[PDB]
Amino acid sequence: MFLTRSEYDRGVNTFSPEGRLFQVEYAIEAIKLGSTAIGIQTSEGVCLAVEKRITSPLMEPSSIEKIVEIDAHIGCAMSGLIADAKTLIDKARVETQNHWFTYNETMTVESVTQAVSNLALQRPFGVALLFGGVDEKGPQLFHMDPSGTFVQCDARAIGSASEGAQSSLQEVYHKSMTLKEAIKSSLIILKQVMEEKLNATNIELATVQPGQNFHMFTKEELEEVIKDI
Amino acid sequence: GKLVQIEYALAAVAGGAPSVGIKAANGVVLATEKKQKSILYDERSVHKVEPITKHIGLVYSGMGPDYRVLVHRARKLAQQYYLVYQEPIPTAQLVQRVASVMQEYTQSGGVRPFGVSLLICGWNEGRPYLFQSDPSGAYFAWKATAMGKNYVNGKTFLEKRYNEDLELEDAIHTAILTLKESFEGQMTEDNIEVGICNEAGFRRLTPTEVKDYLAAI
Amino acid sequence: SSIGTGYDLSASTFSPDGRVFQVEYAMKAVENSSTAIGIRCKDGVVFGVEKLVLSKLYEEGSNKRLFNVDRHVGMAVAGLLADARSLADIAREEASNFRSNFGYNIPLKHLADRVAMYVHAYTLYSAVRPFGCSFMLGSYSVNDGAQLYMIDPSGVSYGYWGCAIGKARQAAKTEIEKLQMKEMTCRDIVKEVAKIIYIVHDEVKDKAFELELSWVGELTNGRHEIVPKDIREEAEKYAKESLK
Amino acid sequence: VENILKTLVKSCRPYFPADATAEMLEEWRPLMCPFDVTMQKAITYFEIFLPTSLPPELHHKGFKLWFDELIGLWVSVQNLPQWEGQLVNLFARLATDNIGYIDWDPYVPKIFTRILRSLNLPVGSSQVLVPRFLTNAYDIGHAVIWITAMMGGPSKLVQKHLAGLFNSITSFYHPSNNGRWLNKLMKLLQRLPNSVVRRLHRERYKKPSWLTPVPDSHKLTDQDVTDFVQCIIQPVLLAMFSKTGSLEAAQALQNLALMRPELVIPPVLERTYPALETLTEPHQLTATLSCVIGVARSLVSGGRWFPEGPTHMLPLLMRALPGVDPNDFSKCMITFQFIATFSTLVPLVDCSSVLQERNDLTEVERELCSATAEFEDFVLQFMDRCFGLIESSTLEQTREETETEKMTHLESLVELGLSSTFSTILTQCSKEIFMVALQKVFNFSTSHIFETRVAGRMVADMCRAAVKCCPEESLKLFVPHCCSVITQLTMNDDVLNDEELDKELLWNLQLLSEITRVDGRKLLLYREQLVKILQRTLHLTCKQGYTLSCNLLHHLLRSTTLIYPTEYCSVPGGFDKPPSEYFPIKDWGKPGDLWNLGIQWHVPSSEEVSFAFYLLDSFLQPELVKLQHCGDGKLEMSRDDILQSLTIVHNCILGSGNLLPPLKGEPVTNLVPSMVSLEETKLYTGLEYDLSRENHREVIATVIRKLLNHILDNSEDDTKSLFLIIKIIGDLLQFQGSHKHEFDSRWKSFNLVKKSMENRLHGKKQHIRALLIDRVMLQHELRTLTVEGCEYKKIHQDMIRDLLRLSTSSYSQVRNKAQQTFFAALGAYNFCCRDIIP
Amino acid sequence: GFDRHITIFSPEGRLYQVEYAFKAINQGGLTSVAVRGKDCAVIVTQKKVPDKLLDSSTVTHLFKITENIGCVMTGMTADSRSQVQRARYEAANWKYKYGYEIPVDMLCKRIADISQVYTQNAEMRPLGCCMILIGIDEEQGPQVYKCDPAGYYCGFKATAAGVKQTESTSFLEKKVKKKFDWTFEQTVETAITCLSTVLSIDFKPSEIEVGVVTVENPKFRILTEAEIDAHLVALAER
Amino acid sequence: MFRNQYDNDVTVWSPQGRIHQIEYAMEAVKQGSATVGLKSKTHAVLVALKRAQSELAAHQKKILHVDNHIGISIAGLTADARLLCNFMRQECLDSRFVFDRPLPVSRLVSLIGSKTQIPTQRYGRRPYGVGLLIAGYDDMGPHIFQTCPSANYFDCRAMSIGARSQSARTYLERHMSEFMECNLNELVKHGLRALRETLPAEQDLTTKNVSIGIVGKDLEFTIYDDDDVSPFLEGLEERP
């Protein structure tokens, strides 16, 4: 409400007397104000759900994609402008193929998230990314912060209402959750933040399963899932 | 601000010692005041009027260390043209090149503009040439000019004295008169430095030659 | 009082008075540091420093303020240790370059001048802050006798028969002045240096200190080395008895 | 015209007829259509014409008729219209005029909300901006009058609301939360205390008048003033450290300190002592010191509610002594203002001996007497710090081609500040403290040689200040040494011919010239020595060294020929009293009394005027005879000789302008004709001119016209001589011993000192003696400067035609200077411009 | 405005930082006098050893730029050493590039040109030092030249630097105006008398340091304390 | 209101002869969670307490591998720690390639000190905000080292860094004499006890929140996490 400014805030590369870097903290918070994205990781599969928020009927819905395929086994959900994450998504895609050429093998999600973090370190970066894929360990989900910290999350929500979604996610999530149950829960949580009827344009749903590659649900496939709710 | 820095640089030139240039049909005369502050200073050690090439010479009003940087660049530019075209550089060409260097210092950041205004005399194609270059990098062609303290008063005095057809000898006398108007004390051969440009080329008048001209006046 | 003009902010600025404040401020950092004492004897130079032990948890020999910058030359430092360690690295490099290019050990007086110029370079530019350390370089050779030089944050280097850098610089200097370094051998000097360090140290202000002693001399065959522990223990016993 | 007309109607509004309000309402009530533009015209006329200054008995005839309608429109109009600003101004005037006759409380919550809305402070994440909110612009000045007017009375609603406004916006006052809102918030902080102090003065210390008095019931109680200071003190203290600069906070503190010193002075002092000590927080020192100047009058003389009072003054002055330094100009200037303000308020005399000899002193007074012992240490230390500033202020020319020969505005300001502060310290100093100071200045100036351009001028000013405080002793040490050094150096006789004089000779000539200005009677004892020095020095060829000698002649002539006040002291006839006859601690602070000011005035004596005429005959007349010969075809002289002679004449005219009578001539025949007389005003201004002696101004005029004719005809290129002739023609036409420019600077300085040292609550009745002496001198200067109705005359016409000839000269520099003098002359003589136009 | 903080033009047209650099030369508190005689050039500077502990040999303001060229440095000592190293490098480079020893006038110009760069560029502060170079020019005889922080250089019959430079220049001007060409003994006497008069020290041999170059022996020589004493004792008996 | 003109840059020196930005950076380590490192005659052990964003989140990794014989624990900005860790790994690999010798731990800590010093003396550079506890085994023996944002490094018998580190340091100093002769199991237990002192009374050490790394004469640096920490955790007595 009322302004609460301190001399050491907004100092760029200057440590505050406490030792915190305030300008970096403010930048990271602004980055996390994008559209809500929910990822839940289950033994059966990892599911990523995002809100498209298309402005006009004329616009083609496919052109706005918040879920992208880094590789057959890895997919990324982003909150905020696609343009901000374009360089980071490209780095991950180039690294996954560069790794394949050098070692003739798939790159684990943790190694892929570390490479994107290294680019972010080499500077806030302006995006929060959820990387979900099935690797040698199994189905795995990682969260990348605008700061560049990466942690494995059983269930994570990034975006404007992430804090509320995360509390809802905590109560619903259980280790034995099936992929079909996870899809329903993430969409139910997404509906609560959106406060809008779920439709194919409103939400984009993608899943990576151990046998299957990255799959983005088609309009008909999403419609069946939303109707069951 | 770069433009304000140029105005401030012009002020330093105005505070500088008076210098006079007169262009006559057979030659250009460049004259400057060189009053040593003390009897201790050696008059012959440093020269305000310097040759750039056989036919080109320059004088300045303003900061002397800044003037030296320009004279080295001007001498280099003259040599670079001579190597490529095997002919003495046209004076107008040299002034354009010298002006560009001054513009570079004003445009760049972290460097102050030069505080010296240059009067350049040259003889090419049997025609006398006199030019003035500003810290801004602007150059103008002048039949007669005065720079430094009391430049405005000196320029008006030049207007009455200057005649379109004048011999160099007469031009030297009026140039000395212009310096005399703003000279605080007695003028002596050591006190004033005079340089003449003619078909022969730029030469600094020897103190003995200056003494003769002063006696006539 | 305090100056808000901003003349004191950079070492690329001169105050209207004519002084570069940043070099003066850096010297104050050396003054707020444990005293380091160097005394030059006919045989050679002995350096003694009081190294405050901040914590019992730290191992002995941590945060050494005595460094070997060459086989024949050793350095005693005061002020910020990290800056002093950086200066030691430059001094070792200059000595290595001199040996490779000219084929002989760098003469102390030339090492001091080369290092002093590097410290001076920091004092003239906006981007780099002046060094916050002052050091004494000491060496001995048959051709050139014991040499002691002190370089300040400004970069002025002079040769001293006796020198002190730190909080008790004046107190140490007065104690060194009442001595006959020119006619005294190095072994006698070590006992005196320990005595001077004990007197300068303030127990109430600084709870604990470890005396670090190094010498380069005819006895060490022109090699900078820590004074042997047995000799150091004897000197400490003499110093403690003298303080009583 | 609009502003003059608005003030004229406002001036006649108190004296308008009783039934005027009803007729005014009938005239502009039809125009009041809210949609139409005529509503603004109707409100504008109502603000300018409706009379609020009507007696309480005739209130029904005026304010009662329209208050309900206009106030009702103001509450009803939620959109902010242009007229609302005019309407709020009218309400504020009505509230201040009728303090206890209007209820105000029903509308108080709405007014405070609208004023809070006016500040346009940002609140909330959205922070959307609505157009026309800026346009309403409730003025802070009128709003402050409205809030102060409704304050007081049985109801405390206004005070509670004011606390609420201050409590709501406190975060904005914090230095870190700076922004666009600060300008209005700072204005509120400065204006509100000033309004309250003015209201209390009207209620308590103002003489009764026809204007209705505040009702006793609605008069502000002591508790009401206590509540107001408590509400505004916390915002003011944050504003002291504001990035904007703290001028608004210092003014607010000055007014608050008069109302309640105990509540406001200690929090500022708690910050000031650390600010002096801190090395890492520079901004605090300037802000705290400026606030201490504001509360200075209250702390030194206020003991009833602030018993510690003056005890803090001596430690603060010593702590501020490191503040004078070459490195920081702003700290040096604020320190100089601090040292001067306290020094003028406090007699600097030691009374430590009194404690032992006499008991019955108050406990605070006993501490004050013990503190007085350190006063001598403070003055000597101030001189030591000042000597360092002068030593590091050397010009040090770095250009081989030219010498700067000039003072930058920043160095001029430090010289002015050092001279003023040193003069105040010495004037308040006891003679015993002064004598140790005199030796210190004499030794420093005598021991070293200084560059005349900058450092030498500062040393001379310190020496000149010492001479003024006690002239007989100071001149006795300074005049012989300077004269002896000059005579020994000039004995060669080739010195006169030499160009570039000995630096020691140049310094001693500057020192002798500056020390010369002082009471004329004191100069007479050394009259013979001064004339001998002038005779050798005036004709020195070097331009510097004849200028310094000419300055000596001007100062000597000015000192003996002008009326000026010598003492300039805080206590009349004080500081030389026998010990125990007068007790200084009682006179700390203490305003001077106009009736008992006892100003000592130097009026030119017969001996002084005779010496001035002898000097004019000895130097001006020989130059005049040579100049007359040069105007004729005789005694051809060099351009340098003409310039030297013109310098001698110009300095003589300036020095003796008061003595020389105004130019007189037959009036120009053709002029506008008036049946009524058109006579120039005559003011005595002291002195009385000598009719028998020939007027030098007339002889200068004839030679100057002849020289001008010769110079333009022959040496038209002599610009330096022509500039001097223009100055001489201006002095001949309009100089009576006072310079208009000098008066303007002194008037501005008087206003600047007055603001800091004025107690609004007690009024002009309490004012410092030094400022009062300055105001009397300003009145004398006003009389000499004001000349009106002067006849054009033939002599003036010829000089103006000569100015026009110079104004059309070949050299632009001569033309510019002549034109400024030409424009000045045209205004002085009646109907002069019409004659000049052809 | 940063006009005072960095070397950029002021409204008056003056660069304050160069003026502040001139103040730095006086901050050292030492004065140097150089006089040019008919056959020789001499430099005298006051040497003060504050502590008995300091080795006297190490503290010097007189340096050898080249075999025939020597200099006196007045000002910040570390800045002085920096200029001395630059001058020595420039002299060696000139002999390598052109095959003849650098003239003293040319060396003063090179150092002065480096000094101008500092005045033009904001990042580097001007060096607060004065260099007085003495050498014998084969063509023009003994030469004394002085370099300034402003980048100005000039040849002088006699010159002074330091706290007493203004007073020293005044004493030197009177002797130069009168008198005649001076012999080596007279030139050394003039410098010692000038420094003694301004500082009122009655210098013992240890207090003053003297450097000399002669037409007969062009190489720069620093006089030993005994040689300085011989000049001092001769001055006392006069 | 109390603004300091000298704290803006690492280059500026205060009139009191202190560089404020370096001191502010030194405080950054205290922001990070507590880490305890102690050594015996044959083994060096680092024990650290990790913290997690949420119950679902895995927990941040305090301990990292630098070489077979060298391991480090990070307190303070993680990004700075990753830059330092990458530098340390390159130096160690270079030493094995050029000399086929494990890089002595003392030489590595000196190189970190040199790298950290350059940001302190140069404009527009923030000093590193990470404090590192380094555990290594070399010919000299097991070594524990502490690095600071100031660029100073310390050889420590035992050290604790991070929030509430002082409580651990008081335990480490009290029982330091016992540490030299302790067996690996006892040495790890002592480190867990010191870390326990930092923990608030309500919170207790768990397999999820504790990370242990041990290097020894015959043991390459090994990081024990989750179930691996359970054998060490079971032995520890209940909180006093």
# chains A, B, ... in the order shown; residues from 1 in each chain; ligands from 1

call {"tool": "residues_around", "arguments": {"residues": "residue B:33", "least_positions_apart": "5", "cutoff": "12 Å", "atoms": "only C-alpha atoms", "output": "PyMOL selection string"}}
result
(chain B and resi 16-20+43+47-49+59-62+146-149+175-195) or (chain D and resi 400-402)

call {"tool": "residues_around", "arguments": {"residues": "residue F:30", "least_positions_apart": "2", "cutoff": "9 Å", "atoms": "only C-alpha atoms", "output": "PyMOL selection string"}}
result
(chain A and resi 18-19) or (chain F and resi 26-28+32-34+75-76+131+161-165)

call {"tool": "interface_residues", "arguments": {"of": "chain E", "to": "chain D", "cutoff": "10 Å", "atoms": "only C-alpha atoms", "output": "count of residues only"}}
result
21

call {"tool": "interface_residues", "arguments": {"of": "chain A", "to": "chain F", "cutoff": "12 Å", "atoms": "only C-alpha atoms", "output": "PyMOL selection string"}}
result
chain A and resi 5-21+24+39-41+114+117-124+140-157+163+166-167+169-175

call {"tool": "residues_around", "arguments": {"residues": "residue D:248", "least_positions_apart": "2", "cutoff": "8 Å", "atoms": "only C-alpha atoms", "output": "VMD selection string"}}
result
chain D and resid 186 to 187 189 to 190 239 245 to 246 250 to 252

call {"tool": "write_last_selection", "arguments": {"atoms": "N, CA, C and O atoms", "output": "short mmCIF file (atom, residue, chain, number, x, y, z; two decimals), in the first residue's frame"}}
result
data_model
loop_
_atom_site.label_atom_id
_atom_site.label_comp_id
_atom_site.auth_asym_id
_atom_site.auth_seq_id
_atom_site.Cartn_x
_atom_site.Cartn_y
_atom_site.Cartn_z
N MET D 186 6.52 19.26 1.79
CA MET D 186 7.53 20.17 2.39
C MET D 186 6.90 21.55 2.60
O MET D 186 7.18 22.17 3.64
N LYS D 187 6.09 22.01 1.64
CA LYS D 187 5.45 23.34 1.75
C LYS D 187 4.51 23.32 2.96
O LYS D 187 4.48 24.32 3.69
N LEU D 189 4.84 21.56 5.63
CA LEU D 189 5.66 21.54 6.86
C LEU D 189 6.15 22.96 7.18
O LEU D 189 6.17 23.29 8.36
N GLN D 190 6.63 23.70 6.18
CA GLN D 190 7.16 25.06 6.44
C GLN D 190 6.04 26.06 6.77
O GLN D 190 6.23 26.85 7.71
N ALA D 239 12.18 15.18 7.77
CA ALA D 239 12.42 16.13 6.67
C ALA D 239 13.80 16.79 6.80
O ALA D 239 14.31 17.29 5.79
N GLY D 245 16.86 18.79 0.69
CA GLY D 245 17.84 19.79 1.16
C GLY D 245 17.63 20.35 2.56
O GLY D 245 18.57 21.03 3.03
N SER D 246 16.46 20.16 3.19
CA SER D 246 16.24 20.56 4.62
C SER D 246 16.00 22.06 4.84
O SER D 246 15.90 22.44 6.01
N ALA D 250 14.26 23.38 8.32
CA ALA D 250 14.93 24.36 9.21
C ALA D 250 13.96 25.49 9.55
O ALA D 250 13.92 25.89 10.72
N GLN D 251 13.21 25.98 8.55
CA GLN D 251 12.24 27.08 8.78
C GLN D 251 11.14 26.61 9.72
O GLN D 251 10.74 27.38 10.60
N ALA D 252 10.67 25.37 9.53
CA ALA D 252 9.59 24.84 10.38
C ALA D 252 10.09 24.77 11.82
O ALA D 252 9.35 25.18 12.72
#

call {"tool": "residues_around", "arguments": {"residues": "residue C:91", "least_positions_apart": "3", "cutoff": "7 Å", "atoms": "only C-alpha atoms", "output": "PyMOL selection string"}}
result
chain C and resi 69+87-88+94-95+111+115
